[PDB]
């Protein structure tokens, strides 16, 4: 199949995601609606159930609402069974309509539907070329009170009907009992509870194994991707070990939520996206777009800077999921605001790098403050709005113009209010002009592009007051006036003659797994794939087309590799770096070192004999380690993903800047479990 096919679970860059709050979309089956005090059929009470479900979804798919818009994937609420208690939060009654209050990860939320409804969902979607994504929220269960076990469901966790345990009398240590976080530090927000939600302890084998198994069921159910909730609140190493479980089994595109505020730029965030095995929701992009097009708290120069930076910060920028709003923010559109702002922001998003996501109702100009105000019921299924039509014209370019799905981004013209950028991939180009200035037109002269000589029609057809473009030789455009609030898309597509890799997934896996290589110009005849210097050809290459190649990772050593391909004639492609070859299946192990005292601005790190530990390269050591919560300085700890059942040699180090101090003595040693988790405790050797 081609890169653009509905069956491509490894790449979403050519897709347009439609984010849905199941309850709030469409109640296709009134019979599963909760009753009594947990239900509000008028949906005036935003904290109860409104009755939206899988069937409703299925209906919208079939009546053409989503397909008409050009949407190609849907991202829905966590489908697992939630607690049933209504919770009164100081007078207010709250239900688990959101699906974030899990009780049993092996069952469905009956308000959403049955396993059979889930399966129909998957089928209908697939039948209409739409991929399905689900939220997955393994950080916790539900709200609990340790000394008021009668409160809610005591954070009870079941395994397919079987009671594993509760927050009260947690002898098994299924949960954390460290209090609640103040979000003060990263370590703080990982090992303490979020609010009152019962924090799962991933270091407990039962929990570990349980979650790894639960996800396999859904994978088996045919899902196309996973959206992880609260990734900044779980152990990084654990999460990496979970990704390996997915990837080594049935890889799917996975992205997590790591909130960023305005002007916030975090290196931890970057690193996580570059090394965890998953990508992220692009808050940096979102926050910046809002400042520029919404709140006018920054200008084009700001947008441009976010674009260039992010391209450098993320190893796989094209995997970050962009948006203008979602369930954690006020709706982009403000009641009294010019609708053009929202339209421009959509157009911008649809044509920019990454994986675009659209919060349900956007196309309807829904307004609403924070939670739960941003979670109202979709007032209508009209395809007559301008927003609806914008998406309808642009979404499809992601599939037919690879410049959009995988091309670089380049500023060609800029001022405070205007931004003209070019996307390029192979012999494909797209040019976008945006004039945020709703009152002033702009004189555009000196525009130079990569488009071939000729005239170009605005892809939006003038919908947002775009115009035609005239490119002479040398790709220089002739002077033109860009309307106030003006938005235009111009483009050029043609066949790519040389192999060009546009994407790869998954990015991390053990040998033997099949990965997918997407792009153009691969030719129709099997060529060769290189993993670093190792060549792979013949049978191991399970499939080869012009736009997509499927190949098995050779059994090479664990490490990072560059990928490159050669066509049947031997012409090579561009390199695609940062591929991680796991040393084998992974387990999550907690490392603890005692009496490692440091000086200010000096931290302990971990290194060792396997790629998962950096192979003795200090520049690749794991850390810095933690020393507040679970263990206190000068005791340091850290959860790490390691090759299962392997005998590993390791050592700790103290780093400051790039200056390193090794532990003395001989390597510590150990053998990783075959499954489950473990804890290694040792003392720092001087």
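Residue numbers count along the first chain shown, from 1.
Per-stretch averaging of Cα B factors for 22-30 and 42-50 places 42-50 on top. According to the PDB record, 667-675 carries the higher mean C-alpha B-factor of the two stretches 667-675 and 13-21.
When the Cα B-factors of 252, 419, 195, 582 are read from the PDB record, 195 comes out highest. The entry assigns its greatest Cα B factor, within the set 152, 307, 219, 539, to 152. Among all modelled residues in this chain, the alpha-carbon of residue 122 has a temperature factor (C-alpha) in the lowest third. Among the modelled residues of its chain, residue 639 has a C-alpha B-factor that falls in the lowest third, as given in the PDB entry. Among the modelled residues of its chain, residue 624 has a C-alpha B-factor that falls in the middle third according to the deposited record. Residue 7: CA B factor lies in the lowest third for its chain, per the PDB record. In the PDB entry, a CA B factor belonging to the lowest third of its chain's modelled residues is recorded for residue 224.
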